[PDB]
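*Asks:* What follows is target-v4.cif, mmCIF, C-alpha atoms and all ligand atoms.
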data_run
loop_
_atom_site.label_atom_id
_atom_site.label_comp_id
_atom_site.auth_asym_id
_atom_site.auth_seq_id
_atom_site.Cartn_x
_atom_site.Cartn_y
_atom_site.Cartn_z
CA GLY A 42 2.34 22.88 0.81
CA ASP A 43 3.17 20.46 -2.00
CA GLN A 44 6.67 19.05 -1.99
CA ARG A 45 8.23 18.24 -5.33
CA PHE A 46 10.55 15.26 -4.93
CA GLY A 47 12.07 14.23 -8.22
CA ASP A 48 9.16 13.75 -10.59
CA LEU A 49 6.63 13.08 -7.79
CA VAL A 50 4.62 15.36 -5.51
CA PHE A 51 3.89 14.79 -1.83
CA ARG A 52 1.29 16.62 0.27
CA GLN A 53 0.66 16.26 3.99
CA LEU A 54 -3.06 15.75 4.71
CA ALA A 55 -3.01 15.04 8.46
CA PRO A 56 -0.33 14.58 11.16
CA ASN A 57 0.34 10.98 10.09
CA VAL A 58 -1.03 10.98 6.49
CA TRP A 59 0.47 12.12 3.20
CA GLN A 60 -0.70 11.93 -0.41
CA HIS A 61 1.74 10.73 -3.08
CA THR A 62 1.28 11.80 -6.69
CA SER A 63 2.96 10.40 -9.79
CA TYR A 64 2.51 11.01 -13.52
CA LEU A 65 2.40 8.96 -16.70
CA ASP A 66 1.99 10.10 -20.29
CA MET A 67 -1.11 8.61 -21.87
CA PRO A 68 -0.52 9.49 -25.54
CA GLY A 69 -3.48 11.71 -26.55
CA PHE A 70 -4.55 12.42 -22.93
CA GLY A 71 -1.42 14.16 -21.52
CA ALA A 72 0.52 13.44 -18.36
CA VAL A 73 -2.02 11.85 -16.02
CA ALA A 74 -1.67 12.31 -12.27
CA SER A 75 -2.45 9.47 -9.88
CA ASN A 76 -2.67 9.81 -6.10
CA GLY A 77 -2.14 7.33 -3.30
CA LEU A 78 -1.50 7.53 0.45
CA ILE A 79 1.24 7.09 3.01
CA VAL A 80 0.25 6.56 6.67
CA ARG A 81 2.47 6.50 9.74
CA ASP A 82 1.12 4.09 12.36
CA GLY A 83 3.41 4.42 15.37
CA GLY A 84 6.79 2.97 14.42
CA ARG A 85 5.87 1.81 10.93
CA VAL A 86 4.58 3.14 7.62
CA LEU A 87 1.69 1.82 5.53
CA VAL A 88 1.24 2.59 1.81
CA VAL A 89 -1.95 2.71 -0.25
CA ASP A 90 -1.27 2.26 -3.99
CA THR A 91 1.96 2.21 -5.88
CA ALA A 92 3.01 4.91 -8.33
CA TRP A 93 2.63 4.21 -12.05
CA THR A 94 6.10 2.68 -12.36
CA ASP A 95 8.69 0.74 -10.39
CA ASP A 96 11.13 3.67 -10.56
CA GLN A 97 8.51 6.11 -9.27
CA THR A 98 7.54 3.68 -6.51
CA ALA A 99 11.17 3.37 -5.42
CA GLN A 100 11.10 7.20 -5.23
CA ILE A 101 8.10 7.02 -2.89
CA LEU A 102 10.17 4.71 -0.68
CA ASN A 103 13.11 7.14 -0.85
CA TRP A 104 10.82 10.02 0.21
CA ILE A 105 9.56 7.89 3.11
CA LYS A 106 13.14 7.15 4.18
CA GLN A 107 14.03 10.85 4.17
CA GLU A 108 10.84 12.33 5.63
CA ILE A 109 9.66 9.59 8.03
CA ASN A 110 12.59 7.18 8.42
CA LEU A 111 10.59 4.20 9.64
CA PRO A 112 10.08 0.82 7.98
CA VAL A 113 7.25 0.30 5.51
CA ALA A 114 5.30 -2.62 6.98
CA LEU A 115 2.87 -3.21 4.13
CA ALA A 116 1.19 -1.82 1.06
CA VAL A 117 -2.35 -2.32 -0.17
CA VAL A 118 -3.28 -1.62 -3.79
CA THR A 119 -6.79 -0.76 -4.85
CA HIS A 120 -7.24 -2.43 -8.29
CA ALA A 121 -5.29 -3.99 -11.16
CA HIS A 122 -4.52 -0.92 -13.25
CA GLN A 123 -1.04 0.53 -13.69
CA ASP A 124 -1.61 3.66 -11.64
CA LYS A 125 -2.35 1.53 -8.55
CA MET A 126 -0.23 -1.60 -9.13
CA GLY A 127 2.44 -0.63 -11.63
CA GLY A 128 5.16 -0.47 -8.98
CA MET A 129 4.60 -3.84 -7.30
CA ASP A 130 8.08 -5.10 -8.18
CA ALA A 131 9.66 -2.10 -6.42
CA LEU A 132 7.71 -2.92 -3.26
CA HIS A 133 8.82 -6.54 -3.44
CA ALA A 134 12.44 -5.57 -4.07
CA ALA A 135 12.24 -3.44 -0.91
CA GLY A 136 10.91 -6.38 1.16
CA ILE A 137 7.47 -4.88 1.73
CA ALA A 138 4.46 -7.18 2.27
CA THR A 139 1.81 -6.49 -0.37
CA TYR A 140 -1.95 -6.95 -0.41
CA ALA A 141 -4.69 -6.64 -3.01
CA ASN A 142 -8.24 -7.86 -3.52
CA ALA A 143 -8.09 -11.52 -4.54
CA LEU A 144 -9.80 -10.50 -7.78
CA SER A 145 -7.09 -7.88 -8.45
CA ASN A 146 -4.43 -10.56 -8.02
CA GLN A 147 -6.34 -12.85 -10.39
CA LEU A 148 -6.62 -10.08 -12.99
CA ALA A 149 -3.08 -8.80 -12.56
CA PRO A 150 -1.30 -10.85 -15.22
CA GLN A 151 -3.86 -10.09 -17.97
CA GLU A 152 -3.70 -6.40 -17.04
CA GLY A 153 0.10 -6.42 -17.33
CA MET A 154 0.58 -6.16 -13.55
CA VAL A 155 2.55 -8.18 -11.03
CA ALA A 156 0.24 -9.65 -8.38
CA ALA A 157 0.50 -8.72 -4.74
CA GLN A 158 1.81 -11.37 -2.36
CA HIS A 159 -1.41 -11.64 -0.36
CA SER A 160 -5.08 -11.68 -1.29
CA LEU A 161 -7.81 -9.85 0.55
CA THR A 162 -11.27 -11.38 0.64
CA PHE A 163 -14.51 -9.65 1.59
CA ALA A 164 -17.67 -10.38 3.49
CA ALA A 165 -21.03 -10.08 1.72
CA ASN A 166 -21.44 -6.58 3.26
CA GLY A 167 -18.15 -5.41 1.71
CA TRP A 168 -15.87 -5.26 4.75
CA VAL A 169 -12.57 -7.06 4.41
CA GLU A 170 -12.35 -10.42 6.14
CA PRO A 171 -10.00 -9.43 8.99
CA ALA A 172 -7.81 -12.54 8.84
CA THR A 173 -6.78 -11.56 5.29
CA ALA A 174 -5.65 -8.07 6.37
CA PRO A 175 -3.40 -8.77 9.35
CA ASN A 176 -1.56 -5.85 10.95
CA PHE A 177 -3.45 -3.25 8.91
CA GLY A 178 -3.64 -0.93 11.96
CA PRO A 179 -5.84 2.05 11.15
CA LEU A 180 -6.51 0.98 7.55
CA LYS A 181 -10.12 -0.13 7.15
CA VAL A 182 -10.58 -1.84 3.79
CA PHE A 183 -13.98 -1.96 2.09
CA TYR A 184 -15.18 -3.43 -1.21
CA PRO A 185 -18.04 -1.12 -2.30
CA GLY A 186 -19.17 -3.19 -5.28
CA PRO A 187 -18.15 -3.01 -8.91
CA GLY A 188 -17.77 0.48 -10.34
CA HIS A 189 -14.63 1.91 -11.87
CA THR A 190 -13.60 -1.74 -12.15
CA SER A 191 -14.98 -5.03 -10.87
CA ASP A 192 -12.17 -5.30 -8.33
CA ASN A 193 -11.95 -1.74 -6.98
CA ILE A 194 -11.48 -1.42 -3.21
CA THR A 195 -11.44 1.55 -0.85
CA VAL A 196 -9.69 2.39 2.40
CA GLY A 197 -10.60 4.47 5.43
CA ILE A 198 -8.01 5.69 7.94
CA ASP A 199 -9.30 5.17 11.46
CA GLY A 200 -8.55 8.07 13.80
CA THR A 201 -8.58 10.60 10.96
CA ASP A 202 -11.28 12.20 8.90
CA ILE A 203 -9.90 10.64 5.70
CA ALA A 204 -11.25 7.99 3.36
CA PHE A 205 -9.67 6.96 0.05
CA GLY A 206 -11.90 6.15 -2.88
CA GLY A 207 -9.15 5.36 -5.38
CA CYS A 208 -10.32 5.64 -8.96
CA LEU A 209 -13.97 5.09 -8.01
CA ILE A 210 -14.49 8.69 -6.88
CA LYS A 211 -13.90 11.99 -8.71
CA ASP A 212 -14.12 15.46 -7.19
CA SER A 213 -17.22 17.59 -6.96
CA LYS A 214 -16.25 19.71 -10.00
CA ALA A 215 -15.39 16.79 -12.32
CA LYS A 216 -17.00 16.70 -15.77
CA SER A 217 -16.75 12.90 -16.19
CA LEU A 218 -15.86 9.58 -14.55
CA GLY A 219 -12.71 9.23 -16.71
CA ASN A 220 -11.98 6.00 -18.55
CA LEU A 221 -14.83 3.53 -18.09
CA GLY A 222 -13.22 0.81 -20.24
CA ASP A 223 -13.35 -1.72 -17.38
CA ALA A 224 -16.30 -0.16 -15.54
CA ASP A 225 -19.53 -1.73 -14.35
CA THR A 226 -21.83 1.04 -15.57
CA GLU A 227 -25.01 -0.45 -14.10
CA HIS A 228 -23.64 -0.71 -10.56
CA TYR A 229 -21.28 2.30 -10.43
CA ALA A 230 -23.66 4.72 -8.73
CA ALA A 231 -24.60 2.24 -6.00
CA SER A 232 -20.94 1.38 -5.42
CA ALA A 233 -19.98 5.05 -5.05
CA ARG A 234 -22.82 5.50 -2.53
CA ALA A 235 -21.78 2.33 -0.66
CA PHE A 236 -18.28 3.78 -0.24
CA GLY A 237 -19.79 6.88 1.33
CA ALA A 238 -22.00 4.81 3.63
CA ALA A 239 -19.04 2.68 4.79
CA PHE A 240 -17.09 5.76 5.97
CA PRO A 241 -19.84 8.12 7.13
CA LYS A 242 -17.56 10.25 9.33
CA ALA A 243 -14.93 10.90 6.66
CA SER A 244 -14.97 14.58 5.77
CA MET A 245 -11.87 14.48 3.54
CA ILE A 246 -12.20 12.26 0.51
CA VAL A 247 -8.96 11.36 -1.26
CA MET A 248 -9.02 9.86 -4.71
CA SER A 249 -6.75 8.90 -7.55
CA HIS A 250 -7.46 11.51 -10.19
CA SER A 251 -8.60 14.57 -8.28
CA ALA A 252 -7.22 16.57 -5.34
CA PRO A 253 -8.75 15.88 -1.91
CA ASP A 254 -12.31 17.13 -1.58
CA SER A 255 -15.32 17.14 0.70
CA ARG A 256 -18.01 14.47 0.62
CA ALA A 257 -19.52 16.34 -2.33
CA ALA A 258 -17.04 14.26 -4.35
CA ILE A 259 -19.09 11.17 -3.43
CA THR A 260 -22.49 12.68 -4.08
CA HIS A 261 -21.37 14.23 -7.38
CA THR A 262 -19.68 11.04 -8.54
CA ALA A 263 -22.79 9.02 -7.76
CA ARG A 264 -25.05 11.54 -9.48
CA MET A 265 -22.88 11.42 -12.63
CA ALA A 266 -22.90 7.63 -12.43
CA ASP A 267 -26.73 7.72 -12.30
CA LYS A 268 -26.49 8.88 -15.99
CA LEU A 269 -24.68 5.67 -17.03
CA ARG A 270 -27.80 3.59 -16.25
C1 LIG A 301 -5.74 6.29 -15.29
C2 LIG A 301 -5.83 4.87 -15.86
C3 LIG A 301 -6.16 3.81 -14.81
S1 LIG A 301 -7.58 4.15 -13.78
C4 LIG A 301 -6.83 4.85 -17.01
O1 LIG A 301 -7.80 5.61 -17.05
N1 LIG A 301 -6.51 3.97 -17.99
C5 LIG A 301 -7.29 3.82 -19.23
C6 LIG A 301 -8.10 2.66 -19.24
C7 LIG A 301 -8.95 2.34 -18.17
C8 LIG A 301 -9.74 1.19 -18.23
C9 LIG A 301 -9.69 0.35 -19.34
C10 LIG A 301 -8.86 0.67 -20.41
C11 LIG A 301 -8.06 1.81 -20.37
ZN ZN A 302 -8.27 2.12 -12.89
ZN ZN A 303 -6.81 5.38 -11.99
#
Step by step, read the file and then write its structure as structure tokens.
Ligand SMILES: C[C@@H](CS)C(=O)NCc1ccccc1
Ligand SMILES: [Zn+2]
Ligand SMILES: [Zn+2]

*Replies:*
Amino acid sequence: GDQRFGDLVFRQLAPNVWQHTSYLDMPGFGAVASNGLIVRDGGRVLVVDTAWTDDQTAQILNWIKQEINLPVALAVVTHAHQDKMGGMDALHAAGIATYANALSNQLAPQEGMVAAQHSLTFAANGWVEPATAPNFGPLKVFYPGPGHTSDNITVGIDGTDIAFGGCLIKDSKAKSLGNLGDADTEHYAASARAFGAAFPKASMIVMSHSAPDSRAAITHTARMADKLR
């Protein structure tokens, strides 16, 4: 079951995987939830996405200390919006190595974000160049193409049935693709489908703005994105 921990919510998804959820008021849209992941890989912890704020991200680290009690080796963030990168300074203050798409780091200042310490680059087929993602353990990082943003990346967790679409993917009952202010509307559908094709064995799809779902999240997202073209 969900665990409320201060103003955040944590949910175990697999033996070594938890979802973190944090909230920010968007005046005129309500208090918007954003999800990321926490993964235990042996004697260390890996984080996917910050919370919206530094204070909330420090709370994620406090939860990790209490519930796992192992060092956080690294964090990877999935694009340069506040829900994914707003807590970078808290990660740095904690001594955690941080990674983002090179393009996310380039965009960070203009988006009001602090850049990660390290830049990921990607092969033409979308897989991360392995030298740029050292010690990522089970995290398999894939650039699916431009969609929710130009820089959006996705992460599969090897040895589990889980893949994380970030803000690219919405659940199978969603009415819309949310805010498309920075979206590539022409390429969105193809990028959603490329995410699915990169992680064909993932049966649990985790995403930023919906609860975990089946692969129908991918097909439904792509079908909605077909309407943007
Ligand atoms: C939840 C957040 C980040 S995905 C969101 O939807 N922000 C609004 C927004 C998104 C893109 C461009 C301008 C404004
Ligand atoms: Zn976003
Ligand atoms: Zn988002």

*Asks:* Which is closest to residue 66 in chain A among A:241, A:148, A:78, A:124, if we use all atoms listed in the file?

*Replies:* A:124

*Asks:* What gap, in Å, lies between CA of residue 152 in chain A and CA of residue 94 in chain A?

*Replies:*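 CA of residue 94 in chain A lies at a distance of 14.2 Å from CA of residue 152 in chain A.
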
*Asks:* Between CA of residue 74 in chain A and CA of residue 239 in chain A, what is the distance in Å, rounded to a tenth?

*Replies:*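 Spanning CA of residue 74 in chain A to CA of residue 239 in chain A is a straight-line distance of 26.2 Å.
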
*Asks:* Would you work out the distance separating CA of residue 126 in chain A from CA of residue 182 in chain A, expressed in Å to one decimal?

*Replies:*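 Computing the Euclidean distance for CA of residue 126 in chain A and CA of residue 182 in chain A yields 16.6 Å.
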
*Asks:* Around the point (-26.4, 9.2, -8.7), in the coordinates given by the file, pick out the residues reaching within 12 Å, counting all atoms listed in the file, and return them as an MDAnalysis selection string.

*Replies:* chainID A and resid 226:235 257:270

*Asks:* Looking at A:73, A:129, A:180, A:109, which one is nearest to ligand ZN 303 (chain A), with distances taken over only C-alpha atoms and all ligand atoms?

*Replies:*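 That would be A:73, the residue with the smallest distance to ligand ZN 303 (chain A).
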
*Asks:* Neighbours of ligand ZN 302 (chain A) within 8 Å, counting all atoms listed in the file, as a list in words?

*Replies:* residues 120, 121, 122, 123, 124, 125, 189, 190, 193, 208, 220 and 223 of chain A

*Asks:* Neighbourhood query: residues within 9 Å of (-11.4, 12.6, -1.9), file coordinates, counting all atoms listed in the file; return as a PyMOL selection string.

*Replies:* chain A and resi 203-207+210-212+244-249+251-259
